[PDB]
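Structure 1 and structure 2 below are two forms of the same protein chain, each written out on its own as structure tokens.
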Structure 1
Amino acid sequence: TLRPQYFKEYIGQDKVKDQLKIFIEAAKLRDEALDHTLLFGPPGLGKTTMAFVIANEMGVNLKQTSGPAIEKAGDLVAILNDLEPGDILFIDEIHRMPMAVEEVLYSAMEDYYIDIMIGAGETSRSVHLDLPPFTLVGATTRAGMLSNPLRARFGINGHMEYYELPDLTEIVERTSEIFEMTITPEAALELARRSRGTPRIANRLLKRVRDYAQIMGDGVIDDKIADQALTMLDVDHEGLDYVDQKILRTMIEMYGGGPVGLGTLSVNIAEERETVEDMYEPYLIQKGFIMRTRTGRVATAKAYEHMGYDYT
């Protein structure tokens, strides 16, 4: 596998990585389970990978499930009974599971026991069942989407963030070794600049540049070759994809920068409005290419100069 297995191997995320070390070793000194941890941030930064490292650093058997995989209380109650003292339970998309399940999870995290009420009318009873000590690790794409009373149960908050050019250049070179790719230290920087901060993207671009270098070249990835290959893949120097370039070009040429409504824009470019607002707008907003107003979207000055058009 490509993913790291110990903190001394995990590149980047120095803040999150440094905080967890203190809390993990402190918990060992006390001989007790780690507090419930919530991981959040953009997709593809390494949230799932970190979960395995925590279990290895603790020295515990990891157990995994996901939000959509739990459909009834019996599923969660069963999994919780199959736990062993100190086990770490990782739940992807902890915000996606059905609300009827959350009612049971709140008891477990807080009391470490569940109490199933049974009977009606003249009959009314409850069975009190103890649970072993454990730690819940959840991962989500947004922190505000999760149920507010649940969020208060997570003691440790880990905010992931985009990697920097020094980290991405190291990851690109490391991957090139696994594939036995000859890459110069300058070409590695070219892909890192255009991978827009996400390791998943940097790895996918490299796999595509390899094929080009084996045909349009001598199998040696030079900076001169890497730059030609990226123009063939239609990737901008800032990393804007074909769809991102289509959005900006349309706003400037057909609407003079706006304001323009989402419905109009999403009908001009043949794309579903649900995709534009979810997969593409967030990067354009964070990087400051687009602004949102009550009248519609607007192209900033930075965008006007980047595409190469004279501003008004």
Structure 2
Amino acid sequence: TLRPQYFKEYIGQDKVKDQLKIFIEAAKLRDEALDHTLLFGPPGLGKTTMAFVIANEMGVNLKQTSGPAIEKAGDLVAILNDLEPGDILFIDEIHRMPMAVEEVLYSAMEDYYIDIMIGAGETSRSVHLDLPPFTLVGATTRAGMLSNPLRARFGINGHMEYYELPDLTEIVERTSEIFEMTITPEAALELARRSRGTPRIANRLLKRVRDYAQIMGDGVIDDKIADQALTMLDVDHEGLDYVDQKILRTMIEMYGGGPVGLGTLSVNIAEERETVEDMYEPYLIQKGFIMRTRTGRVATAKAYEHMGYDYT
């Protein structure tokens, strides 16, 4: 299936796999539950996938829920009561839980107990619920929103990293086998270079090319069909969209490469101020096409040659 099930299949993230393997094997020798682990990083790098791999490698059933599903403290208490010794609890989008509920985990994670109010409302008393040994797994796109006392309780932190071309190429080939399609090694590398280092984007591109190759082709993906499908998709050989090309062109044509202020550029490109800064600009800076300067952003030589203009 699409989602890798074991570390033998999970390509990439060598730094994270090398650590998780040691901690899992150490926990098994001691016959203990794994320490609480937090997975965080950019979108689509494989955080949710790794959560299922950790459960399969431990050889235990996984209980699953999500941050937005826990609306009140009463819901979380009901979930915790269902735990069995050695159970793994996975909370996706953990940063979405309200603070009033997040503070209930503090005691459960460190001392395996919870204070609760029980009674008829007219008469009641506090009681301690005792929890069995369990492991909490959390995944979040922005750990900064979690309170400092919560993050401090996670004993294992896994920061996901972007994939390189050699690793991302194998992901494309593996996915093609699931689709029973044949992909030439040159075509697999072409799709990888345009996937912006993200597996979800590589799978999305592959699916669109696969549909094209079997409707107007002999059902085979080669270095010739890829160019035609990628032309229809309008994804440059560097992964730039038409909007990205419009930006780089505008700076060179109307401003001679800058420096130009974002407000000025935004007007010529007809795009909303923050949309440029938060959606399109981040990738262009990381790839080296744009350089932020004290007087404004400047288009580097890499942008000139890629767009075909003459640099000075």
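Note that the rigid core is defined as the largest set of C-alphas that superpose within 1.5 Å between two forms. Here, residue number means position along structure 1's sequence, counting from 1.
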Which single option from 236, 108, 203, 68 is at the hinge, given the motion of the rigid parts between structures 1 and 2? 236
Determine the rotation of the smaller rigid body against the larger one between structures 1 and 2 and give it in °. 15
After superposing on the rigid core, how much does the Cα of residue 231 shift between structures 1 and 2, in Å? 2.2
Core-aligned, what's the Cα displacement of residue 167 between structures 1 and 2 in Å? 1.1
What's the distance in angstrom the Cα of residue 123 travels between structures 1 and 2, core superposed? 8.1
